């Protein structure tokens, strides 16, 4: 009746977020700490966007010469330890945030390292500053904090117990995955579908998907895990779709094969979903299917599910879609 269920993925794949929902969904209140945490993310984002406008090629000129002093303001605060968050900050954040040349630099975000609660929280500053404010669940799900360590969540669905194991999703953090490899029922590998134009932090060279592609491989072909079948969450489906539709940067450019690609017969396209979006979300699935397929020996199998983490409505659905397969 008990299911030691370990949770893997690259950096910022979306793990402690799925952890998040399982708690939202299946577990029984002074979030006042998590506010401070949100606040932090705001600084973090805006500093990071201004920062690289200069650092970029081409460089990126502020829409409004006025904002230049605000720029200056920001980086005069950038490394402060215990920050106090005075009201000017938000006036100046919003300002830069309003600046079109800033928002045009946002458009080149794939070209440097930036958290994906960016737009979302920047879009809602005024709400954040009110000292009576309490974060929506949406907001609370997006507060991003480095996972240094490993954390045991435990829950129950229809009196069936779960043991969620969260790991550090970065290079130096994977040395300690092993400790979860024995006495594991099955795996959740979480992947940031949308990060096909970006490189990872660890070196700032390796393409994030490509990284996670050949992390998958290293697990699906692992010595202590030829039994254990792996549930793949193709995470971040909203963002993905967005980029595809946005059409701005082409996929085949980042993964040259997409160009020879056509669209799968078992195609189960979301209702009203775009045929070109449908192409990529699956195509990406099939880059992982070329790994799961190419070995394992009908001795374990791959469960691919398109997912958005920050979507309890999609999450419950796919977790149901999952408690299911634990039976077998």
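Residue numbers count along the first chain shown, from 1.
- 128-136 and 198-206 differ in mean CA B-factor, and the higher of the two is recorded for 128-136.
- Averaged over their C-alpha atoms, the temperature factors of 187-195 and 251-259 are higher for 251-259.
- As recorded in the entry, 153 carries the highest CA temperature factor of 179, 222, 153, 235.
- Within the selection 281, 26, 43, 34, the deposited Cα B-factor values reach their highest point at 34.
- In this PDB entry, residue 49 carries a Cα temperature factor that places it within the lowest third of its chain's modelled residues.
- Among all modelled residues in this chain, the alpha-carbon of residue 88 has a temperature factor (C-alpha) in the lowest third.
- Ranked by Cα temperature factor within the chain, residue 320 sits in the highest third according to the deposited record.
- Placement of the Cα temperature factor of residue 170 within the chain: middle third of the modelled residues, per the deposited record.
- Ranked by Cα temperature factor within the chain, residue 119 sits in the middle third according to the deposited record.
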